[PDB]
Amino acid sequence: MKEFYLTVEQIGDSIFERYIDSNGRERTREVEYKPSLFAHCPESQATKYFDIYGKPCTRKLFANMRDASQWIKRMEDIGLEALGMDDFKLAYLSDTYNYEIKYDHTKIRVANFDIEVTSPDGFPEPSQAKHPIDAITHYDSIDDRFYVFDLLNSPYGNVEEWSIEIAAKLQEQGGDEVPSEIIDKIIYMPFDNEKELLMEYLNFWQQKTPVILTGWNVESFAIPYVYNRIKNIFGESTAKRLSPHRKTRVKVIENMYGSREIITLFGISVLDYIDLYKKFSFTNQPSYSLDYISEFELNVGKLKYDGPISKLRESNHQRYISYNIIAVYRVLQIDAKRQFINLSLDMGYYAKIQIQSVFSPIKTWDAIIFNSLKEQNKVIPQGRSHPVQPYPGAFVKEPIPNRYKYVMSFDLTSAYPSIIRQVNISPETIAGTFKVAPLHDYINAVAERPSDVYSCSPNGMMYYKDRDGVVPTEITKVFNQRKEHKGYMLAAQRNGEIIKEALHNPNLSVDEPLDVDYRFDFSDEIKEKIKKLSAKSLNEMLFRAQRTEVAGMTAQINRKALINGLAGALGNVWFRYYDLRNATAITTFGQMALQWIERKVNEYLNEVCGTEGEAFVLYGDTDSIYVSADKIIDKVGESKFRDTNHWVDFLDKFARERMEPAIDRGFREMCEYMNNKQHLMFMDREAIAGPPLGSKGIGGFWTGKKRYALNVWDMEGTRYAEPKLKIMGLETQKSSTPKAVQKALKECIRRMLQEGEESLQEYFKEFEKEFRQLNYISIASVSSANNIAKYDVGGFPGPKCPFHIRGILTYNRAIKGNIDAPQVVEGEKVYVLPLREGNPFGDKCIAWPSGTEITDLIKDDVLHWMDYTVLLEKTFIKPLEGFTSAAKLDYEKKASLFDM
DNA sequence: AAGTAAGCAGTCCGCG
DNA sequence: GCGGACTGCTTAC
Ligand SMILES: Cc1cn([C@H]2C[C@H](O)[C@@H](COP(=O)(O)OP(=O)(O)OP(=O)(O)O)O2)c(=O)[nH]c1=O
Ligand SMILES: [Ca+2]
Ligand SMILES: [Ca+2]
Ligand SMILES: [Ca+2]
Ligand SMILES: [Ca+2]
Ligand SMILES: [Ca+2]
């Protein structure tokens, strides 16, 4: 097989590389790599190396990497550009793997671990590591085993061995319900003392050295804690055995009341699953505890126990160990669903970077572009410093707040990347500038044509047309990858809808789910068999379809994020190819495109309806337009439709057969006007929205920019079994809005759009009556808590103190002199509740760590003094009043003559 | 750990 | 009490 790297490091003048050899074995080597860098040279001097602008360069081969670094410094002292890849391990990978990498994940050691540490005096600071590590569960992907290291004797109590038999039993039998599918995969090792546990752990780690190291909060807790505890017991050299090259670096970002640090283990790639989740999931969660995310992702219940975690080991060591194991398994289950490890490997190997560099789109693109240019003996420019400067972005149209009955939306496929490709925007393709007219003049096609030679953006930039830039070339490659995975995602979605329909009529039989590939639209044969299936089999198929859709979503959305990150990187001062001319060329062309096509669509539709000056485009954000379809429906007349699906078909057909060609014609003209390299503005129908045929539903409404709701029947070609709400910006979509309030507001919106005013009034009246029974957590607001110290003045609110910070200070006073009470962690999220006048907490609100129950000391009092009136008015009534006045409806019945 | 636009909550304070 | 300047947070692209 083809060799591939596992990890790469620079240590002094050596490269340290772990890799898989041509026989599939893991190997490690130290290489005295001799890097090259480049200097401009005179024209009359034969060379094969040129900078991206066509200037000749000479290669400088250095005796070692330190020599290369020192040369860079001296070139700065002289005042001359030192060209080439200054990150020498990326140059090493490029030289060593000069082909597209095929990797075999089954040869990559992926380790997932979690530790337990009993602490009677609060949170056990990793930087101090003053308490014994009393459990480690370490899952190894190559062995497919959970290795359990259990401390039986500690100064905080001596315990009995964990029992695998009890662990397997149902909770109703007194057991821990450790999932049966992992019971046989557990290798349990009890230890008489902490020193032998850790020594055996290090020996094990030597045998089975992680390549990818993950788990939950491992980078900020488990790794630094394990490292520091070993350092404190045995000394530094023993702690450094966690690195296969025995090298580590401390970081220390720190607060001022807590120390903290991260530990870099050379030759390991740490991908903390919490950071993977935050980067790749596109959720914003009220809490990031493993319990909370596990419940969200997997619908598995909380791991329940009595008493604080600080007494769990002594009271119930059996459960204590079982929960440690289950915690490790939960992360694996999340990854089986979300496939973020697979994603990271794919993207890392594609770019030829350290896998952990996938967190940095700047590093990722710098490596992609370097590899691409190196292929042609081209030499990358030196990175420079630039002052940070603001620049303009997208256009957003101000909507008229209103209900909108029938709506069709359209938006550009991969807008910014498509602009880059169409215009040919790249560091090396800049051809000059032209004299700019106001944007309005380009939008209305009255400005003079910018160029008869070059490809233009309305910000005044011109680009060569003879050849593609490296940015367009490389962005196209990831775009095509994106497009393939989205294809699979959407087929899985459409397949899911077929299953939902069939579920209306399940058959009474004993049968099996079909062995099918959900990434491809079901054939006629598959459809027929499905209509014959039982409810059990259909549900299993729906589950599998939905898992396939999620896998597709991960692959496509993060590739979309990578290419959009390239457009954004052009406006970050740390990117090698930072250029505000190029970043603004993209954003300014975008503003033009939206307003240009708005004009075109209005003109087209006024023509087809025989009107003048009518606005059909009611809204638009960045690269999208929302078209009012009322007149189109009315042209045929509502009474002509058999059912909802009949008009959805009609609008779908109108969008595809009339509007899209009109849209395409408008954009081709714009492409010619701008003399662009290639027409790539593709504005496809997104949504078809409206009320259910014959109902009093209003279909949709806007309150303002980036705030709207639509009742959608068809999304990008997926025809839903049941209508789905598309809600953007409104309170239902914000992590800060209480959970039960999100749910209530969503139902109010559902009723508005699908059923009408009276249905809304029914629900409101009931919600208002019953809501005081809602669990306090479900009605708590949520906020991030930054700068707690800044606003703390002897335990009281300082000037301009934010509402959520005030709550935290209230909490801090109420728990003072208690090392057991959970502390609020700077920068993490809190639940927030308003408090009634004259409460014992002596302020207007209280806040506590999110995803948790408030500590028992104050729980009863918080419940007693919670201000339900303020809660209701602030989180529910106020947003609802905004929705209903926008939509011209009342949430409460107004008096009328009939009352008599 | 790529970017900008823009919304709402809340503090402080004016507004005769 | 509403709106403007400002901070804080969060979302749509
Ligand atoms: C979502 C997102 C969009 N944008 C910008 C660039 C996008 O091209 C533009 C429009 O956003 P979207 O319409 O959300 O995305 P897209 O057009 O890139 O891809 P799709 O094919 O799924 O529509 O807004 C970002 O800069 N960063 C982002 O994270
Ligand atoms: Ca734990
Ligand atoms: Ca788009
Ligand atoms: Ca059937
Ligand atoms: Ca869009
Ligand atoms: Ca689309």
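Every chain is numbered from 1 and lettered A, B, ... according to where its sequence line falls, protein lines coming before strand lines.
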*Asks:* Taking the cut-offs as 6.0 angstrom to the six-membered ring centre and 45 degrees off its axis, would you call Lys874(A) and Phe803(A) a cation-pi pair?
*Replies:* yes

*Asks:* Please check the phosphate of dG8(C) (OP1 and OP2 only) for any side-chain N or O of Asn786(A) closer than 4.0 Å.
*Replies:*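 Checking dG8(C) against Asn786(A), no side-chain N or O comes under 4.0 Å of OP1 or OP2.
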
*Asks:* Would you find a donor on one side and an acceptor on the other, under 3.5 Å apart, between the side chain of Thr554(A) and the backbone of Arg338(A)?
*Replies:*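 Judged by distance alone, yes, a pair lies under 3.5 Å.
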
*Asks:* Do any side-chain nitrogens or oxygens of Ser735(A) fall under 4.0 Å of OP1 or OP2 in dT11(C)?
*Replies:* yes

*Asks:* Just wondering, do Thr413(A) and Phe479(A) contact through their side chains at under 4.5 Å, heavy atoms?
*Replies:*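 Answer yes - side chains close enough.
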
*Asks:* Return the nearest nucleotide to the side chain of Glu731(A); candidates are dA2(B), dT11(C), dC8(B).
*Replies:* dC8(B)

*Asks:* Could you check how far OH of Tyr708(A) sits from P of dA12(C), rounded to whole Å?
*Replies:*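 Checked: the OH to P distance equals 8 Å.
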
*Asks:* Could you please name the option among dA1(B), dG8(C), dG3(B) that lies closest to any side-chain atom of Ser360(A)?
*Replies:* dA1(B)

*Asks:* Taking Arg806(A) for the side chain and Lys844(A) for the main chain, is one N or O donor matched with an acceptor at less than 3.5 Å?
*Replies:*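 Not a single qualifying donor-acceptor pair exists.
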
*Asks:* Check the distance between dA1(B)'s P and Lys363(A)'s NZ and give it to me in whole angstrom.
*Replies:* 15 Å

*Asks:* What is the separation between atom CG on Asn572(A) and atom P on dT4(B), rounded to the nearest whole Å?
*Replies:* 9 Å

*Asks:* Between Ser409(A) and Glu686(A), do the side chains contain a donor N or O and an acceptor N or O under 3.5 Å apart?
*Replies:*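 Indeed, the side chains of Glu686(A) and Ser409(A) share at least one donor-acceptor pair under 3.5 Å.
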
*Asks:* Could you tell me whether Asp272(A) and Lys278(A) have a side-chain N and a carboxylate O separated by less than 4.0 Å?
*Replies:*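 Salt bridge flag = no for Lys278(A) with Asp272(A).
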
*Asks:* NA contact type, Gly393(A), heavy-atom cut-off 4.0 Å: base, sugar-phosphate, or nothing?
*Replies:* sugar-phosphate

*Asks:* Verify the contact: side-chain N or O of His804(A) to OP1 or OP2 of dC9(C), cut-off strictly under 4.0 Å; return yes or no.
*Replies:* yes

*Asks:* When you measure from the side chain of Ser360(A) to the backbone N and O of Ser357(A), does any donor-acceptor pair fall under 3.5 Å?
*Replies:*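 Not a single qualifying donor-acceptor pair exists.
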
*Asks:* Starting at CZ of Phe803(A) and ending at P of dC8(B), how long is that distance when rounded to a whole Å?
*Replies:*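 Interatomic distance, CZ of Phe803(A) to P of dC8(B): 19 Å.
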
*Asks:* Report the distance from atom OH of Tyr791(A) to atom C1' of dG8(C), rounded to the nearest whole Å.
*Replies:*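 After rounding, the reported distance stands at 7 Å.
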
*Asks:* Calculate the interatomic distance between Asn787(A) atom CG and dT11(B) atom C1'; express it in whole Å.
*Replies:* 16 Å

*Asks:* Return the stacking result for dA1(B) and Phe359(A): yes when the ring centres lie under 5.5 Å apart and the planes under 30°, no otherwise.
*Replies:* yes

*Asks:* Side chain of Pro802(A): nearest nucleotide among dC9(C), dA12(C), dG8(C)?
*Replies:*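 Of all the options, the side chain of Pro802(A) is nearest to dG8(C).
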
*Asks:* Look at the side chain of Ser372(A) and the backbone N and O of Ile368(A), then say whether any donor-acceptor pair between them is shorter than 3.5 Å.
*Replies:*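 Looks like no, no N/O pair under 3.5 Å.
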
*Asks:* Enumerate all atom pairs, one protein N or O and one N or O from nucleotides 12-15 of chain B, separated by less than 3.5 Å.
*Replies:*
from	atom 1	to	atom 2	distance (Å)
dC12(B)	OP1	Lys800(A)	N	2.9

*Asks:* Is the distance between the ring centroids of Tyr831(A) and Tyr776(A) less than 6.0 Å?
*Replies:*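 Ring-ring flag for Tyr831(A)/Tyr776(A): false, centres at least 6.0 Å apart.
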
*Asks:* Quantified as the angle between the terminal helix axes (five pairs each), what is the overall bend of the helix from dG3(B)-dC13(C) to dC15(B)-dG1(C) to 10 degrees?
*Replies:* 30°

*Asks:* Please report the distance, rounded to the nearest Å, between NZ in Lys726(A) and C1' in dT11(C).
*Replies:* 13 Å

*Asks:* Would you kindly give the NZ-to-P distance between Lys705(A) and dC8(B), to the nearest whole Å?
*Replies:*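 The answer, rounded to whole Å, is 12 Å.
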
*Asks:* As a test of understanding, state which of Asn480(A), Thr473(A), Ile475(A) forms a side chain to side chain contact (heavy atoms under 4.5 Å, CB included) with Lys477(A).
*Replies:* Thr473(A)

